[PDB]
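Let me begin by presenting the structure, written as structure tokens, before commenting on it.
Quick note on labels: first sequence line is chain A, next is B, and so on, each numbered from 1. Atoms considered below: every heavy atom in the structure, side chains included; atoms not considered: hydrogens, waters and symmetry mates.
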Amino acid sequence: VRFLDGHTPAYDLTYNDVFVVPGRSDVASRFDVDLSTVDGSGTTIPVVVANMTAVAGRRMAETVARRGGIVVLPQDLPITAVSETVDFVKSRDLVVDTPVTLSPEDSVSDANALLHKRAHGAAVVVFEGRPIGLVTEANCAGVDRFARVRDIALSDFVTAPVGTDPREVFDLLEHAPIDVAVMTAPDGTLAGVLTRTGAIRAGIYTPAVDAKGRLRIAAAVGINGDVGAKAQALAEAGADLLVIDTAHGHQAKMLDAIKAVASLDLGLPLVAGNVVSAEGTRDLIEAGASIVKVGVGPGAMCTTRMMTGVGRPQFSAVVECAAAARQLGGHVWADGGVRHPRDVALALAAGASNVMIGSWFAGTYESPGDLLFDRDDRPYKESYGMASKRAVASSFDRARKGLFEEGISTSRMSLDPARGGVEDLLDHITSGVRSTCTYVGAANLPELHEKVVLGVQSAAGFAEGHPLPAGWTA
Amino acid sequence: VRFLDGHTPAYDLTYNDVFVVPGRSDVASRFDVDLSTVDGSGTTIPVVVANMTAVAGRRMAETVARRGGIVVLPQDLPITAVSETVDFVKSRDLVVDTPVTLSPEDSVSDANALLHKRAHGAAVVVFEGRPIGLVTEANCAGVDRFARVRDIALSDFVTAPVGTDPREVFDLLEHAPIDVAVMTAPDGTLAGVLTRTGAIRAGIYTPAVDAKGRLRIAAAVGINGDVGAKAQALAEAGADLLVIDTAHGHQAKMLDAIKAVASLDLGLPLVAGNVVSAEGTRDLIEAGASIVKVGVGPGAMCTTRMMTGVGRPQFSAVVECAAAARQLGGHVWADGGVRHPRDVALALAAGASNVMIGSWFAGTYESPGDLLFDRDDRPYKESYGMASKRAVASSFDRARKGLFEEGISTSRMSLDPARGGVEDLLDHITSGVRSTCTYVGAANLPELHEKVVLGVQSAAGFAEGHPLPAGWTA
Amino acid sequence: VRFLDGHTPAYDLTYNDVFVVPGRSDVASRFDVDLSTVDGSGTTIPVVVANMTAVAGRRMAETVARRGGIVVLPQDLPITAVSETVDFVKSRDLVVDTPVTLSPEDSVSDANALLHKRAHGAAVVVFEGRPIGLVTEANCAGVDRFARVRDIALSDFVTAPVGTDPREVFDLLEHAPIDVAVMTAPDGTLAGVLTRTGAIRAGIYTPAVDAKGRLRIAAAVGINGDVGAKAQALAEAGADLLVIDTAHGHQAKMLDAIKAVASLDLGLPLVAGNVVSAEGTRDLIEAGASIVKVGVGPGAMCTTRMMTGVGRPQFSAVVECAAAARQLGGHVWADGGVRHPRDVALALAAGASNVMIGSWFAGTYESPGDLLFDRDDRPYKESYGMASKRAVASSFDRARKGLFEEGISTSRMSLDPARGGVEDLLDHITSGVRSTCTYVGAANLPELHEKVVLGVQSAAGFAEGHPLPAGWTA
Ligand SMILES: Nc1nc2c(ncn2[C@@H]2O[C@H](COP(=O)(O)OP(=O)(O)OP(=O)(O)O)[C@@H](O)[C@H]2O)c(=O)[nH]1
Ligand SMILES: Nc1nc2c(ncn2[C@@H]2O[C@H](COP(=O)(O)OP(=O)(O)OP(=O)(O)O)[C@@H](O)[C@H]2O)c(=O)[nH]1
Ligand SMILES: Nc1nc2c(ncn2[C@@H]2O[C@H](COP(=O)(O)OP(=O)(O)OP(=O)(O)O)[C@@H](O)[C@H]2O)c(=O)[nH]1
Ligand SMILES: Nc1nc2c(ncn2[C@@H]2O[C@H](COP(=O)(O)O)[C@@H](O)[C@H]2O)c(=O)[nH]1
Ligand SMILES: Nc1nc2c(ncn2[C@@H]2O[C@H](COP(=O)(O)O)[C@@H](O)[C@H]2O)c(=O)[nH]1
Ligand SMILES: Nc1nc2c(ncn2[C@@H]2O[C@H](COP(=O)(O)O)[C@@H](O)[C@H]2O)c(=O)[nH]1
């Protein structure tokens, strides 16, 4: 990557320390930018959801796959749960999203708690598989928590058969009191819902799909136990990409695990991490990993820097690892440290094929965690780290190891008061990346990497401009 | 521009990172400094008001033109509105400012709301074109909001015929209860008002005038649609300077727009932006632009740095672009990032012929926005960015593009509790620039650029000294 | 009035010290109660608006007359203003209320300020006398204060010809976004508006009308100057009832004023006050007053009790004065001390034919005072006393008398956040009085007075029950 003349600092750089210098551009519109990655992950946007149980959820898997990203299922997850998640995700419609379905015999408290699992803001009441009404927080207020859904269902809603183009669906929702359109199967049963903004996103985003046309989903493996058997089980479960994830990827056990997984001829892209050095990246690639995850410390839930002093500023680690990987024909993923879309844009300009986002997406409706409200009624979700699940492996022995494992760091991730869904965060990230590409003058991510000119700034340089509003960032 | 020996940082510098080293000076008095620019814009002070609808107003146009600056009317403004604004501004007196005129049949609420549109603090009551009394917030308090002006007009005020020198007008207002002197036409009709400080400013500031002696006013054009026709219409409307404004000035569409506008032989200075690179500046100049606006990111309403990572510290961008422009005989304008008069002084020392100021002037009475009061009764005005108006261009399509445009960032710009007018901000800026010139030893802005010696400081270096009081800065 | 056995306190009683004992009742429904008074004032509800400039307004006059009450115009008001108010009030429709009319050339600030002068919450935009749209606070938010009404008018609204019954109008407003129905004249011009609740109130309340069928309005005279000439001028102005109002009604000047007014054979009911004694009531009646206002001290703006020690608990004064008046065939009005509808009910049970309400109605949209918002954005209106206007009458002399006049007491009357109109207060008062009549067993106010059984309670007795919500009371 090219830097400005004289911009050779005596220290490693974070995303806060660097900026993109605009160049001559033929890309006028942001829609002219192709955001598809070339690392073999199949994502049409450079966003990858981290393999953390607080963020990598089933609903998030479906949503991110529909919007073009991929979700790495967290490691040590039961094979039955992984198989169920893959079966559900790969059965989802490419355009129509799955709503919250309630039977009329359900309770009002159950409806209210289930309502916030999606960004639609309304839940479809179905009887015998056919939609009956919409449950909304407006009609659930002031109602007994254990009344039946029959007493709160709203009999009016917009219907359209599945397969209708987003144009008419957007037109139908022009003056609908509820912004949710209930898509119906040709036999009349519920096929899903299409939000007014969901139609636009379907027109804009191309879903990340496998060879069979189903939504892509990834899974993660630890290096504890028989890594080969776990990788084989995850491959047979339907995972389209395997991630070997460890806190310290540049270690002998990681190389052995990569060799074991790569020796099975599994036919899937191999992701290994994390390393922050060129030597670690080259060792991981030579072990058999096609993609090398980058970043030790910048994770928002990571306490390695404060507890151990071990780490590296994410931007410099990503540039070094990307240079090392593309020297050998591999790719890298920027993992951790993503707070703003500028972080994604700089990671892509740094040479990363994909950017892994963790705790930022935890503050979304689609996150597996339960939505919580603080004393000010501001919605939030708890984000927690993988902790021992990312480490290398009688109650006495359990407590003995547990005395030294890193604690589970917990943080409050406030939801956007109006745009709390993960689709809105994806919109912000993709719009920022497309703006970066237009400023650089690139129609695709590889052109963004080759054509980018970067500079170094001080704290005052980062302080320039308007901060993003609350909810738009982590 | 010359830097101190060894001051070659490995990063780009903002205004916060640089300081001016005093040199041998023959300029003892600040009034000995000539602040007139040499870029062809005709401004007698280096202050230019940004083409933002929140700041670039009709009253601000008149005031800034009278005080020697110029105001760029925001782009996409209707041609009828632009023509009306130019006709009003160019009909204003060079010395006497236009007051708030109220008929005796007007309401008290209307008088109170209109009172804060000017910095005078009093509104002239006129009957049949002749002044009758002064409406002041003091006499509007405790009065029914829909009483007539007749019940609140103050029958006493200082009168003087138009053309009287500022000396006698200042003498007449020595002990007047209201600091406003009502200037009258030779036939007795109202010709305007001359504030006690307005007389001093008229004695100090030389208005920016065109060949016909009328106040100068500028207009802006976007690069969407037929740029040539819009430039022709703005030229026929009476604009003395045309600004081609885009978020990314270093793009093919911008070069085409500059070529189209410059091919009309319009006979006006051409301003294009924004770029932060020497290549962009040279390309814009070769396209036909006499002046190149500089700055992508430092705008207070700009979220490009946080959303996209694209940007550049304003001082380094300005020095590079000014060197590139004066290498080809052109000029540059420093756009955005101006919070204190030191920013203007450093931009001028950096090589910028003019400095463009945006959201800072939004917190003034003359700003087109309505004056607002927070919970603490502190006056403020809302400043908002151009957003899609600075970008490159069925409700479905409108929402589809609108999903990716940068949001309209809004900020609170508190007015100075005692000096809320834009004339006071101009006084602070011009006094700071004159002090910088005296410290350097220069009697004019070009001498300021050639003779300046600059240094680099850390955060502690910027922390030295006394911060400016509230209202004096953005 | 009959009291409970043994309930003979050694002190005078307020409304707080007494309660109504329910009796055998044949009145099952509250609509079976006839609230019409028999004092000759012509009011169909026992509510009279006090002659205070803070409450007795033109809009309040129209509204209260339409709902069946009467409004006494404050004394010392100019005869031209009184004539204009009477002409406007008597030209109002008996069913359709006058809206806030805005021309399309009006400003947004003017529309917003005028919007709260009525309880409709919407203002009708009229061009050439024909309605065009509705201005609402929803569409006035975020708009420039001096934009034209054209930019904020809402093109949709419910129309119905004048004379349509309230049934269809209520049906038409079943799902209208704005609760205002624009009534049109047969030629298409605006005839007024009919609020959804206004239709119900028209079906419930019978307007107080004179012999010619126009809305009734009263006026007040002080005892300073030529009282006879002022009474004659007010009678020719169209007032249907004259009130001779003084702080101390039991004085020689008051008797002379009553004799002078009653000697003109004006043909209108005569109201004189205030007295709190049987002797004062009998003297006022023998002087020529048909109705005697009762109460010295209980007025919310009255400081006589605290400043002078002179006063009387309102309930005992009302019972004594009512007994004295009906001993001579006269009537009394309970003036002051009305905070809750229970005060009106007890005053009626005490023998008062009508109840005069002052500062309580000042916290309404129809009040002549301007609507104000405190630091918590809670709407309120300032209520102030008559002060010297209720008393007995060179700047030195003016200051000499002014040194001894009672100060103008000012209080904050918070508006009901949802029911800020005076029609809602009238609804509460009338519903409470009807409930009292049903509990007593009376179909009319005279039967309420004869059939009521009252008791005495301590502070704990008053503390029993649920307090009324905010806005429902003073
Ligand atoms: N009636 C009803 N129950 C639901 C619905 N979605 C989920 N549930 C129930 O709630 C449980 C938790 O829901 P989810 O959190 O979406 O399920 P999950 O498999 O844990 O998915 P993630 O948290 O996204 O990883 C499910 O196991 C169901 O029992 C719905 O639409 N309707
Ligand atoms: N009576 C009266 N009305 C005024 C006066 N100045 C402005 N107005 C009215 O208020 C409206 C808004 O005023 P301005 O904001 O100064 O006008 P503008 O053309 O929008 O100018 P900018 O906001 O400075 O761009 C005008 O269109 C007039 O209708 C004045 O002195 N007297
Ligand atoms: N455009 C317009 N102006 C109005 C309207 N109502 C009142 N005004 C104006 O505002 C002034 C004050 O209104 P009001 O307070 O209702 O008039 P008022 O005669 O003082 O009546 P009260 O305060 O009720 O005693 C009037 O003199 C008019 O100039 C309306 O509907 N439209
Ligand atoms: N050391 C450590 N890293 C973690 C933990 N949880 C998440 N991470 C790392 O941080 C990344 C997410 O960073 P984020 O996007 O939340 O800033 C994950 O993909 C993973 O690499 C943890 O408990 N410990
Ligand atoms: N990208 C961007 N730049 C803006 C916007 N509004 C204003 N600007 C830039 O910021 C300048 C003003 O900066 P300020 O003086 O307010 O710090 C303008 O002249 C323009 O160049 C906006 O919405 N987006
Ligand atoms: N003494 C005195 N009485 C007043 C004043 N203002 C109003 N009042 C009395 O108080 C009555 C209204 O009482 P309220 O209903 O506000 O409690 C009026 O009708 C009048 O009799 C004032 O300034 N002084």
Side-chain angles (χ1 to χ4, degrees), chain A residues 4 6-10 15 17-31 166-167 170-171 174 196-197 199-201 203-204 340-343 345-346 349 427-428 430-436 438-441 455-469 473, chain B residues 8-17 223 247-253 255 274-277 279-280 283 296-314 316-317 336-337 385 391-396 399-407 409 411 458-459 462:
Chain A
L4 279 174
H7 285 207
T8 52
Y15 298 129
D17 306 289
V18 291
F19 57 88
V20 186
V21 185
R24 196 161 174 144
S25 180
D26 299 339
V27 188
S29 164
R30 277 194 280 222
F31 300 102
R167 298 275 325 198
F170 187 91
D171 293 335
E174 255 298 324
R196 197 168 160 78
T197 318
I200 305 158
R201 289 180 181 122
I204 290 179
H340 327 309
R342 65 167 280 123
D343 308 306
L346 288 162
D427 289 340
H428 309 348
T430 50
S431 100
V433 169
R434 288 170 178 281
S435 321
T436 310
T438 56
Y439 270 111
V440 169
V456 182
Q457 60 191 5
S458 55
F462 187 78
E464 284 197 345
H466 201 278
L468 298 195
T473 50
Chain B
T8 52
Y11 56 93
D12 268 2
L13 310 155
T14 64
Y15 298 129
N16 284 45
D17 306 289
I223 65 177
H248 186 25
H250 202 192
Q251 63 178 307
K253 184 117 101 163
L255 303 173
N274 296 28
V275 307
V276 299
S277 60
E279 182 189 24
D283 290 324
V296 173
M301 298 308 95
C302 189
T303 51
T304 295
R305 283 175 140 285
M306 218 43 33
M307 266 297 294
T308 83
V310 177
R312 188 167 188 177
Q314 178 72 351
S316 278
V392 164
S394 172
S395 62
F396 178 87
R400 183 188 185 259
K401 341 300 298 183
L403 193 137
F404 270 175
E405 334 179 284
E406 32 167 317
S409 321
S411 294
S458 55
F462 187 78

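- If you measure heavy-atom distances from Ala399(B) to chain A, the contacts under 4.5 Å come from both the backbone and the side chain.
- Contact of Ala247(B) with chain A is made through backbone and side chain together, with heavy-atom distances under 4.5 Å.
- For the ring pair (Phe, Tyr, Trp, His ring centres under 6.0 Å) test, residues two or more places apart in sequence or in another chain that qualify with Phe396(B) are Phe170(A).
- Contact annotation: the side chain of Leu403(B) approaches that of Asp427(A) to within less than 4.5 Å [non-hydrogen atoms, C-beta and beyond].
- In plain terms, the two heavy atoms of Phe404(B) and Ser431(A) that are nearest each other are CD2-CB, 3.6 Å.
- Per-residue counts of heavy-atom pairs under 4.5 Å with chain B were compared for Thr473(A), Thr8(A), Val27(A), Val18(A); the largest is that of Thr8(A).
- Between chain A and the options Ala393(B), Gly336(B), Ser394(B), the largest number of non-hydrogen pairs under 4.5 Å is found for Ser394(B).
- In this structure, a donor-acceptor pair under 3.5 Å is present between the side chains of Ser395(B) and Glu174(A).
- Of the atoms belonging to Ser458(B), not a single heavy atom falls under 4.5 Å from chain A.
- With a 4.5 Å cut-off on side-chain heavy atoms, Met306(B) and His466(A) do not count as touching.
- Contact count against chain A (heavy-atom pairs under 4.5 Å) is highest for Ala300(B) among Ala317(B), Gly407(B), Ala300(B), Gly297(B).
- Interface residue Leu4(A): only side-chain heavy atoms are found under 4.5 Å from chain B.
- Counting only distance, with no hydrogens or angles, the side chain of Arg305(B) and the backbone of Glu464(A) share no donor-acceptor pair below 3.5 Å.
- Across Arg167(A), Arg30(A), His340(A), the residue that shares the most heavy-atom pairs under 4.5 angstrom with chain B is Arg167(A).
- Pairing each heavy atom of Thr303(B) with each of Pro467(A), the nearest pair is CG2-O, 4.4 Å.
- Ranked by heavy-atom pairs shorter than 4.5 Å toward chain B, the options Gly23(A), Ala10(A), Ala199(A) are led by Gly23(A).
- Proximity to chain A is limited to the side chain of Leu255(B), based on heavy atoms less than 4.5 angstrom apart.
- Put simply, of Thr14(B), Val310(B), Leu13(B), the one with the most heavy-atom pairs under 4.5 Å next to chain A is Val310(B).
- The shortest distance between side-chain heavy atoms of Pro22(A) and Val275(B) does not fall below 4.5 Å.
- A heavy-atom distance below 4.5 Å is not found between the side chains of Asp12(B) and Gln457(A).
- Of all the heavy atoms in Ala28(A) and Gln251(B), the pair that sits closest is CA-OE1, 4.0 Å.
- Between chain A and the options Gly249(B), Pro298(B), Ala252(B), heavy-atom pairs under 4.5 Å are most frequent for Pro298(B).
- Both the backbone and the side chain of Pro166(A) come within contact range of chain B, each with at least one heavy atom under 4.5 Å from a heavy atom of that chain.
- Residues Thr438(A) and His248(B) are not in side-chain contact: their nearest non-hydrogen atoms beyond the backbone lie 4.5 Å or more apart.
- Side-chain contact annotation: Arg24(A) with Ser277(B), donor-acceptor N/O pair under 3.5 Å absent.
- Residue with the most contacts toward chain A among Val276(B), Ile223(B), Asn16(B), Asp283(B): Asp283(B) (heavy-atom pairs, distance under 4.5 Å).
- Every ring pair (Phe, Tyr, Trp, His ring centres under 6.0 Å) that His428(A) has, sequence neighbours left out, goes to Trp472(A).
- Interface remark: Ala459(A) contributes no atoms to any contact with chain B (heavy atom separation under 4.5 Å).
- Using a 4.5 Å cut-off between heavy atoms, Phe462(A) touches chain B through backbone and side chain atoms alike.
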